[PDB]
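Colleague: Structure below; questions to follow.
Positions of Cβ are backbone-derived with ideal geometry, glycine not excepted, and every protein chain shown enters the neighbour counts. Laboratory data are not the source of any read-out in this text; all were calculated from the coordinates shown.
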Amino acid sequence: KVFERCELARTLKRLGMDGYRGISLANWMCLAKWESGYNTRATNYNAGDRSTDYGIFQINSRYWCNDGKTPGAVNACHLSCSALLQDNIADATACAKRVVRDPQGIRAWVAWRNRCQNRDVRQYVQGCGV
């Protein structure tokens, strides 16, 4: 599924993402925007280390989900990476929450650092009713 902007903002809010561990909804939106263009079936293979990024947040298989083909990988979210390719993003948000409970928080995603950190991200939630 490819979410429309405000549709996603309210979907994330309903799943408890607004302010989760001090991270604003606008930040999660900016993350999803730059990671996959709000596309839940987005995937990216990383030839260098044999891991794959999954879903709307492009979560990596080396540490977060199990795809069975990533060498020495772990599954901290305790999910099959397939769960991160669903139209329903409940599991993907559960895992995104798991990621941010770690020390880095939202900084876990380099894309967030490159396009969201210290940026005016208000535009992501404007007019969505969140």
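Colleague: Can you tell me which residue in the range 56-104 is surrounded by the most Cβ atoms within 10 Å (Cβ to Cβ), limited to those that are under 21 Å from residue 21 (Cα atoms) and of a type in the set (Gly, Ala, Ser)?
Modeller: Going through the qualifying residues, I end up with 96.
Rundown of residues vs (1) within 20 Å of residue 130 (Cα to Cα); (2) among the β-branched types (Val, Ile, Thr), yes/no style:
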{"position": "2", "(1), (2)": "yes, yes"}
{"position": "7", "(1), (2)": "yes, no"}
{"position": "27", "(1), (2)": "yes, no"}
{"position": "35", "(1), (2)": "no, no"}
{"position": "38", "(1), (2)": "yes, no"}
{"position": "62", "(1), (2)": "no, no"}
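Colleague: What residue, among those in the range 30-63 that are farther than 20 Å from residue 102 by Cα and aliphatic (A, V, I, L, M), is nearest to the chain's Cα centre (by Cα)?
Modeller: If we take residues in the range 30-63 being farther than 20 Å from residue 102 by Cα and aliphatic (A, V, I, L, M), then 42 is nearest to the chain's Cα centre (by Cα).
Colleague: So which residues in the range 34-55 are surrounded by 15 or more Cβ atoms within 10 Å (Cβ to Cβ) and touching a residue at least 40 places away in the same chain (Cβ under 8 Å)?
Modeller: Answer for the range 34-55, where residues must be surrounded by 15 or more Cβ atoms within 10 Å (Cβ to Cβ) and touching a residue at least 40 places away in the same chain (Cβ under 8 Å): 34, 35, 40, 43.
Colleague: Considering only helices (runs of 4 or more DSSP H) fully contained in the range 19-130, which possess at least 1 residues that are under 22 Å from residue 7 (Cα atoms), touching a helix residue (DSSP H, G or I) at 6+ places or on another chain (Cβ under 8 Å) and of a type in the set (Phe, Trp, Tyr)?
Modeller: Here the list reads 25-36, 110-115.
Colleague: List, please: which pairs have Cβ atoms under 9 Å, are six or more places apart or on different chains, and start with a residue in the range 108-122 that is farther than 22 Å from residue 95 by Cβ and end with one that is surrounded by fewer than 18 Cβ atoms within 10 Å (Cβ to Cβ) and of a type in the set (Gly, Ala, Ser)?
Modeller: Short answer, once both residue conditions are applied: none.
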